[PDB]
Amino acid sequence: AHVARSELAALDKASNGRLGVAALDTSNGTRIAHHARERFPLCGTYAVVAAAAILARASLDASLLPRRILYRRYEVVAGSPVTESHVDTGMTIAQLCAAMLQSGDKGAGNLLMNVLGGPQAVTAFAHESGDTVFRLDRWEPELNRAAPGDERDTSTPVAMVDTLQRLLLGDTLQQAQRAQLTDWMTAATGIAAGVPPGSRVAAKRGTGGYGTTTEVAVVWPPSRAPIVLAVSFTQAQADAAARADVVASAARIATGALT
């Protein structure tokens, strides 16, 4: 027989992995929750909080964003397309933030965590901003291992939504720094492929072991109030292939349900 299911319940059933979705419609407070209080791997989405931590310090220290970091090639791990290409000159802290957020540059992430005080310093910034769920435990690339059960390097979809709203829409950061984080995160798959055409999207994607994809975004549909979204999909087999189409489908269902 046919079993009536919600759109997300049907997507979950058809995808045969573990799916987490949180969304917030800021026009009316509506929340979408699909396993939204279970932990999922952060992967590269920690970079939103790490860049915010840099920016909060930059508000009090005008030398920080233009500070040039000289690094050797063995100081940037595999997965560092931008920092590898500038190893001869070094890069500024601002350039590293852009590279970490826009290009998933893992060396840039580790260099910035060196400035901040390690993954625990990223966690402390989350905690001070009001997020008591987020935990970053490891450096690049091990933070992306995404092993089943493991709570290291995780958060819940609903906490991911709340933190992203505070950072990009709320008052965690000064307005100039909020704008800068937004600009870094706005400069084709996943959430971007599921939102209505013409939407403005500020987003960060992460990927990991166990075929994990985790993505967070603020979405401004054309002439519509912003929706905050967090999606994570992770699979049973350690060598599984990422399924960015599942993330796109979850984003299409959630933004369609709110609009």
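Residues carry their position along the shown sequence, with the first being 1.
> I'd like the number of residues from the deposited sequence that lie between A78 and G79 yet are not in the model, binned as none, 1 to 3, 4 to 9, or 10 or more.
Per the record, no deposited residues are absent between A78 and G79.
> When the C-alpha temperature factors are averaged for each of 157 to 165 and 171 to 179, which stretch ends up with the higher value in the entry?
Stretch with the higher mean C-alpha B-factor: 171 to 179.
> Regarding 109 to 117 and 141 to 149, which shows the higher C-alpha temperature factor on average in the entry?
141 to 149 has the higher mean C-alpha B-factor.
> Select one of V228, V195, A203, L65: the residue whose C-alpha shows the highest B-factor in the crystal structure entry.
By C-alpha B-factor in the record, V195 ranks first.
> Between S232, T45, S199, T26, let me know which has the highest C-alpha B-factor in the entry?
If I rank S232, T45, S199, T26 by C-alpha B-factor, first place goes to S199.
> How does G190 rank on Cα B-factor within its chain, lowest, middle or highest third?
Highest third of the chain for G190's C-alpha B-factor.
> Can you tell me which third, lowest, middle or highest, the CA B-factor of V87 falls into for its chain?
For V87, the deposited C-alpha B-factor lands in the highest third.
> Thinking about Cα B factors across the chain, which third does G208 belong to?
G208: CA B-factor falls in the lowest third of its chain.
> Lowest, middle or highest third: where is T30 by Cα B-factor in its chain?
It falls in the middle third of the chain.
> Give the position of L70 by CA B-factor within its chain, expressed as the lowest, middle or highest third.
For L70, whose C-alpha B-factor we compare with every modelled residue in the chain, the answer is the highest third.
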